[PDB]
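Single chain ahead, written as structure tokens, the form deposited in one PDB entry.
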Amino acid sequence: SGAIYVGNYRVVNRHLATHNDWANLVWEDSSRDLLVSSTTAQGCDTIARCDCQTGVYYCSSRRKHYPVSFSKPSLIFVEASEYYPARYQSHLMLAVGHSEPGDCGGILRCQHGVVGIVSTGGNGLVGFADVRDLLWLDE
């Protein structure tokens, strides 16, 4: 589990979105595994606005924060699941590292702030859904 809280928006994995996220939907994108919903309180997470390729991610399955080198966001093949069929998920970044399905929602961070959240995994490769391009989260 896990979310990003910035201004009056909440960012979660689209496959883990609640009924309340859907009732207060701002924007969702199946191909990115992203959903944004509105909040009453004002969040204060800082979004990175960079091209960093090193960061630190939180892994709930190990109660540890790990440093990783990740690829630039792109279209990558993600195996079928109970949430989506076999598809190409866009804006995805991979890193050599540990992850389990329940690790989705953990934040990836660089020196400049929040980069994105855990979204895919397997084969010892963790996939992060990027958020640095969503400039409207700050405005």
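In this text, the rigid core denotes the largest set of C-alpha atoms whose superposition between the two forms falls within 1.5 Å. Only residues modelled in both forms are compared. For every residue, the number given is its place in the sequence shown, counted from 1.
The deposited model assigns a higher average Cα B-factor to 75-83 than to the other stretch when 28-36 and 75-83 are compared. Note on 60-68 vs 40-48: mean CA B-factor is higher in 40-48. Split the chain's modelled residues into thirds by C-alpha temperature factor. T120 is in the middle one. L16: CA B factor lies in the middle third for its chain, per the PDB record. Ranked by Cα temperature factor within the chain, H98 sits in the middle third according to the deposited record.
The form deposited in another entry is left out here; the points below concern that form.
Superposing the two forms on their core leaves just one of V56, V96, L75, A86 with a Cα displacement of at least 2 Å between this form and the one not shown, namely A86. 79-86 is the sole run of three or more consecutive shared residues whose C-alphas all shift by 2 Å or more between this form and the one not shown after the rigid core is superposed.
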